[PDB]
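Coming up are structure 1 and structure 2: the same protein chain in two forms, each one given alone as structure tokens.
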Structure 1
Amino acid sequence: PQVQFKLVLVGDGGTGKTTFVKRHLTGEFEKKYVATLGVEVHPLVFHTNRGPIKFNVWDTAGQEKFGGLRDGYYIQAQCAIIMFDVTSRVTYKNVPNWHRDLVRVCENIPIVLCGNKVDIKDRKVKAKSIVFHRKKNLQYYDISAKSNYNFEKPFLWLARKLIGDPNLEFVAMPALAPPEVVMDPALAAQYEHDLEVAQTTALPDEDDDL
């Protein structure tokens, strides 16, 4: 047994839902726009002072062509994230539509509203304009899947509501002992080849993140 929660991630296309999920999953930042086809379910595990918790994130597609499948996606949903893009007013304009269709199927589930891409200077949806969370008593967060600004707070807020512990803490992941090294000769060549290609390929541009 383990503590699992189904989370449905919804929002207009291009708001960064998948990039947000992959940043948590592997730490990567995908710059390319590879639209999701239907839905992809990704497990995200967080470590708390009450043990590990797993969010089975249903990363749904924002394209309208999948609108007829969303009620099936939202089946057995225990929590949700509604995503919009602070550089695209239309994505915020649609937030009420995502919320309406969610609560028709789910009714009383914890829901977090996220305004993504706050790392971009030319912000179009100002904090003053964001009023829908006050309208539907939702939790809101400015986030950035690129700079990681607040990108963990949605899961922390939802985990507290789902667990019933308002003071649940995300703690350092226990560093278990890694496997021993056999240093076998046969498999070495394959890794040596993979390592030369990696050494030749240049690393990403130096950022001010460091």
Structure 2
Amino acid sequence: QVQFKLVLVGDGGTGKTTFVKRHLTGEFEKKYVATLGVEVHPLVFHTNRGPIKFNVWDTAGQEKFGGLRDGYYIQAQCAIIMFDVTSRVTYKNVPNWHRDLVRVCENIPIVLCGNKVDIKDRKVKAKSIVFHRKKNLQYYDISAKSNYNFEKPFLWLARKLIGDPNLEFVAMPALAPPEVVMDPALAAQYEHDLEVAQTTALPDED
């Protein structure tokens, strides 16, 4: 069971947390609730070379770049720098995040993500992006909301770390579910909720 410490970095409100949430739940959180300090979230993926786990360190975007946030970087093995395609300021800050990073990690795989490509009024067009050329980074347009390219970052990183340009995600063992017997005092009050659900409409996004 292989493990990789990945540092998730970027300005506030860019989608770092919403991104991680989708990968470990499938949901799309629409409420912005700032992250304090750092929150470590484990994500595993099954590949043709076995299961690998990324311990993602979702960091806070309000903390100034500096030696005070070295603990997050120390012993990292990869990283993701995020910015919002609808905010030029957010983009102008990338160079600062990518620097604070290499200051302690040096040479490690890093992918730059332009999030929110689903929004119409785009400011930072894919053409403009060049930073990845000067800094040897991989770039990706993504949308935690539509899922556009949402799995590329983890896939690219895995290939660089593992060393297989053709590594790919696969199945996932589908173990057998638990028994499920009971019924006595357990029954009844169930249908109470089942209604509270067959009534609440579903977010028509399709």
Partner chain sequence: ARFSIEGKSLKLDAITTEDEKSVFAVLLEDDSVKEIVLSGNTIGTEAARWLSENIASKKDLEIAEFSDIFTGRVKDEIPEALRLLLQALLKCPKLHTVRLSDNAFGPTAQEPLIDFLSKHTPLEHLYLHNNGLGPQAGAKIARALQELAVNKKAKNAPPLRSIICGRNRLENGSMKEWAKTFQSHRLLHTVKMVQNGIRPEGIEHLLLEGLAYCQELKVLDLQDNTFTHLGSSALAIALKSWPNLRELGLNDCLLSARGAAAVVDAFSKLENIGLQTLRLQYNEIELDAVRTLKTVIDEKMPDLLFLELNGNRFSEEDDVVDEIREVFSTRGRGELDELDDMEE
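Here, rigid core means the biggest group of C-alpha atoms that superpose within 1.5 Å across both forms. Throughout, residue numbering runs from 1 along the sequence of structure 1.
S.K.: Of structures 1 and 2, select the one representing the form solved in complex with the partner chain.
M.R.: Between the two, the form solved in complex with the partner chain is shown as structure 2, not structure 1.
S.K.: Could you check, with the core superposed, whether the Cα atom of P52 shifts 2 Å or more between structures 1 and 2?
M.R.: It does not reach a 2 Å shift.
S.K.: Superpose on the rigid core, then tell me if the C-alpha of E64 is displaced by 2 angstroms or more between structures 1 and 2.
M.R.: After core superposition, the C-alpha of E64 moves 2 Å or more between structures 1 and 2.
S.K.: After lining up the core, report the Cα displacement of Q78 between structures 1 and 2 in Å, one decimal place.
M.R.: Between its two positions, the C-alpha of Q78 lies 0.5 Å apart after core fitting.
S.K.: How many Å does the Cα of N137 travel between structures 1 and 2 when the structures are matched on their rigid core?
M.R.: Its C-alpha position differs by 1.4 Å.
S.K.: Upon rigid core superposition, what is the positional shift of the Cα of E192 between structures 1 and 2, expressed in Å to one decimal?
M.R.: Its alpha carbon moves by 4.7 Å.
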